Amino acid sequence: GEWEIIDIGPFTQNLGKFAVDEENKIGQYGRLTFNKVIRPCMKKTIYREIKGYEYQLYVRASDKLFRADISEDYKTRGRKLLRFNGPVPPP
């Protein structure tokens, strides 16, 4: 579909927690501690009717910046961590 910039309020912060919680189960970067999702946060609506969303997030965790992609199902709110890249520099 197309991308938009979205706010970094509670919903986005929970996406960040999700990413870090998924990454913690993988273990690839040791144990990360969620800090905050920072600007900018990008959302892609995937389609007359939405079927899914893709999020790109910059997450501060363990004082370092990471880039996370998350897919979400519109119908059942099912989330998958597609990518977790980092430590990346600031956007």
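Note that residue numbering follows the sequence shown and begins at 1. Take the two forms, superpose them, and find the largest set of C-alpha atoms that agree within 1.5 Å; that set is the rigid core.
Between stretches 73-81 and 15-23, the one whose Cα atoms sit farther from the displayed model in 4 other deposited structures of this protein on average is 73-81 (core-aligned, root mean square).
Compared against other deposited entries of this protein, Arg60 counts as consistently modelled, with coordinates in all of those that resolve the residues around it and thus below the third mark.
Among other compared entries that model residues flanking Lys43, every one gives it coordinates, keeping it clear of the one-third cutoff.
Going from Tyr47 to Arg48, the model skips 4 to 9 deposited residues, which lack coordinates. As the entry records it, the average C-alpha temperature factor is higher for 69-77, out of 11-19 and 69-77.
Remark: stretch with higher mean C-alpha B factor among 59-67 and 28-36 is 28-36.
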